[PDB]
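Colleague: Supplied in structure tokens, the structure appears directly below.
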Protein chains: 2
Amino acid sequence: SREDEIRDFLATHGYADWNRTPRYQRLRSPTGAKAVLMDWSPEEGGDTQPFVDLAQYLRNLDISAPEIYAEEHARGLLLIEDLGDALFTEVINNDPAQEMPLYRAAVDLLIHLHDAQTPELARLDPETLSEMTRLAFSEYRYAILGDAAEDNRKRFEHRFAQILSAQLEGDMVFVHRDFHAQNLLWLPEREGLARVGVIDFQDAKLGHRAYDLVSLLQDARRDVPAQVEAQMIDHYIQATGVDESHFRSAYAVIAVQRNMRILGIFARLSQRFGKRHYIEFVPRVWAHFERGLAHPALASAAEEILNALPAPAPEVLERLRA
Amino acid sequence: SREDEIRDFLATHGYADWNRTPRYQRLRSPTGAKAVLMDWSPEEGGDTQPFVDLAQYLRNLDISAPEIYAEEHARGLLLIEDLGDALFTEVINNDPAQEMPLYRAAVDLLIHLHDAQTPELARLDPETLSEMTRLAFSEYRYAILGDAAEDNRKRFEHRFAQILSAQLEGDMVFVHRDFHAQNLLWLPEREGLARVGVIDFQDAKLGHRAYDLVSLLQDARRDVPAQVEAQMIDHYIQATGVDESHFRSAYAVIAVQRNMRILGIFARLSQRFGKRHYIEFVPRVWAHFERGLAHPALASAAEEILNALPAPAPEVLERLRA
Ligand SMILES: [Cl-]
Ligand SMILES: [Cl-]
Ligand code: NA
Ligand code: NA
Ligand SMILES: [Zn+2]
């Protein structure tokens with residue numbers, strides 16, 4: 001059994017007396033030392049090596065990704081550091097005055113990260129970013145109107161790749177891809193940006209400096225105040241020394257890209273994975289999408305894309321949920 | 001080429017601009033950051049996984065084995081922490097007054113290590129320890145007299161396994177197996193036993209508490225003063241709370257075991273690997289062997305083994321060197 005494998009893996013590496021306290025199974029020593037077991041079997045299609053490689057890479061930068069305590073690549077098992085339970089979302093739910101300082105710490109992580117020498121990961125080039133918006137047609141539009149508007153999509157993708165190519169410049173940086181409050185953990189005994197524990201970095205890519213900042217600040221699952229986004233963009237620009245007009249323009253086209261795709265991601269979470277609650281986030285996503293399409297960089301694509309995708313009226317939301 | 005693989009491995013993990021400054025290749029960043037490349041190819045028969053597993057295990061105990069910065073198991077490459085150049089032997093050569101405090105720190109490492117929950121490594125049971133002395137016949141005796149005294153060896157091994165079984169008790173501990181001053185590195189910015197950097201732990205096993213202490217204190221490559229050995233055994237006994245008479249007896253039989261085997265190891269280093277300088281260490285090894293055979297625990301084996309192995313007279317040493 002898989003339980004026998006887990007027990008053999010733990011015994012082999014000196015953790016036989018540790019107990020599970022219920023992919024991310026909490027384990028505790030007889031005296032309360034903490035660790036986390038990752039169970040991602042190869043036979044199932046999982047691979048532990050990217051997690052190990054990227055956790056090491058981030059930690060080499062004094063970023064609080066988890067230490068690897070033990071590894072078993074062939075059986076798809078790891079034992080890693082437990083980064084605790086103080087999720088940014090929980091901290092902010094309990095005390096809203098922590099939002100700004102927690103978001104500043106996370107932006108400080110990105111600033112530091114973006115100064116780093118990069119690993120060779122697959123790149124989010126303009127063509128790839130454009131194609132990645134296709135979920136807006138194949139999942140969101142399709143779930144609502146019953147077709148994916150193939151011709152509008154091909155025309156949008158072609159124009160949008162050109163716009164992305166025109167507005168995104170500079171070397172690519174490490175991008176986490178799910179950089180938002182729910183995947184961040186507060187570690188208050190640490191110093192500075194090291195207080196930001198990070199998980200879910202394993203499918204990281206190379207991409208633009210604004211990519212993780214958009215996910216953080218336009219986070220569709222939370223109501224991030226406009227002043228948090230404004231001030232955090234200012235701070236990122238001031239701290240990095242990037243050209244302001246260019247970063248702002250890149251940020252706007254990237255916000256269109258990410259919100260458009262997440263329309264599809266959320267549509268599919270509801271329609272395929274039965275999670276209707278993500279549909280409550282669609283009006284927020286749609287608003288950020290529409291805002292970004294009002295940026296002058298998007299002028300050639302805006303009117304045609306808005307004609308092709310249905311606004312989330314109450315009947316559209318219900319059809320997304322049902 | 002292998003150089004192309006190394007360069008691909010470094011580039012992939014963000015180290016492309018690091019340069020080699022000449023298995024254990026020194027690498028330096030453009031601003032002088034340090035790391036060590038391990039090149040142990042599978043095609044050659046090498047495996048990086050035990051080094052990774054055991055380095056993690058030791059570091060989980062706050063023992064200064066090297067961090068793993070990057071790994072490539074399939075191609076047999078690792079990038080690890082550089083633990084520096086302050087080898088215990090160099091420190092003590094320069095300043096002999098450091099011998100006691102450096103050896104105390106190393107003994108403190110073992111004390112701490114032996115309190116740890118163990119991994120599942122192959123065990124140095126009595127039969128295995130006995131067989132491992134056979135190099136005394138197949139390499140040392142053979143190099144000198146032209147035969148391995150098969151009958152004496154079988155009789156010695158049978159009796160010696162019984163003696164080992166009688167004198168060794170308690171749970172097995174992690175044993176490094178090459179625990180001596182040459183494989184230890186001083187890290188003076190660290191605290192306590194963490195100042196003892198350790199390398200060459202990758203073929204570690206489980207064995208007796210005295211195993212690594214014998215290699216450290218009866219170190220055949222150095223003249224460890226009798227007072228260092230005496231006081232370090234006292235300190236180990238006092239700090240661990242082990243029964244004194246039993247530890248001392250275990251230490252004596254283990255000293256016989258390790259010195260007997262190293263007669264063979266050194267004979268073979270000279271005869272097969274052309275390193276005649278190890279033969280200068282044979283008189284020291286022989287003296288420790290003879291001392292241990294005078295322990296009452298060894299009484300049934302002592303006279304027969306001494307009759308079977310030639311004393312290292314000047315003509316014996318020359319035949320070992322030539
Ligand atoms: Cl964790
Ligand atoms: Cl090293
Ligand atoms: Na513990
Ligand atoms: Na550097
Ligand atoms: Zn590995």
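Residues in the structure tokens are numbered from 1 in each chain, the chains being A, B, ... in the order shown, and ligands are numbered from 1 in the order shown.
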Check every residue of chain A for an atom within 12 Å of chain B, counting only C-alpha atoms, and provide those that qualify as an MDAnalysis selection string.
Modeller: chainID A and resid 8:18 29:30 33 35 49:61 67:74 78:81 116:122 173:174
Colleague: If you run DSSP on this backbone, which residues of stretch 136-196 of chain A come out as helix (DSSP H, G or I), and could you give them as a PyMOL selection string?
Modeller: chain A and resi 136-145+150-167+181-183+192-195
Colleague: May I have the residues within 9 Å of residue A:192 as a PyMOL selection string, using only C-alpha atoms and disregarding those fewer than 5 positions away in the same chain?
Modeller: chain A and resi 105+108-109
Colleague: Counting only C-alpha atoms, what is within 12 Å of residue B:25, bar same-chain residues fewer than 2 positions away, as a ChimeraX atom specification?
Modeller: /B:6,18-23,27-28,34-40,77-82
Colleague: May I ask for the distance between atom CA of residue B:159 and atom CA of residue B:291, given in Å to one decimal place?
Modeller: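 Interatomic distance here is 18.5 Å.
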Colleague: For a quick check of understanding, using only C-alpha atoms and all ligand atoms, which of A:115, A:146, A:229, A:110 has the smallest distance to ligand 4?
Modeller: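 Of all the options, A:115 lies closest to ligand 4.
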Colleague: State, in Å with one decimal place, the distance from atom CA of residue A:75 to atom CA of residue A:42.
Modeller: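 Pair atom CA of residue A:75 / atom CA of residue A:42 returns 6.4 Å.
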Colleague: Looking only at the backbone, which of the residues in stretch 95-231 of chain A does DSSP tag as strand (DSSP E or B), as a PDB file with C-alpha atoms, in the first residue's frame?
Modeller:
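Listed below is the output, selection38.pdb:
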```pdb
ATOM      1  CA  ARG A 123       9.253  31.364 -20.897  1.00  0.00           C
ATOM      2  CA  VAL A 173      12.278  37.171 -14.141  1.00  0.00           C
ATOM      3  CA  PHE A 174      11.271  34.137 -12.071  1.00  0.00           C
ATOM      4  CA  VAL A 175       7.434  34.096 -11.942  1.00  0.00           C
ATOM      5  CA  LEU A 184       1.612  33.238   1.377  1.00  0.00           C
ATOM      6  CA  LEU A 185       2.339  32.464   5.028  1.00  0.00           C
ATOM      7  CA  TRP A 186       3.403  34.864   7.758  1.00  0.00           C
ATOM      8  CA  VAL A 196       6.908  35.812   3.757  1.00  0.00           C
ATOM      9  CA  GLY A 197       6.604  32.054   3.530  1.00  0.00           C
ATOM     10  CA  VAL A 198       5.853  30.875   0.006  1.00  0.00           C
ATOM     11  CA  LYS A 205       8.168  30.013 -15.213  1.00  0.00           C
ATOM     12  CA  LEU A 206      10.096  32.964 -16.576  1.00  0.00           C
ATOM     13  CA  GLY A 207       7.985  36.020 -17.354  1.00  0.00           C
TER      14      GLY A 207
END
```
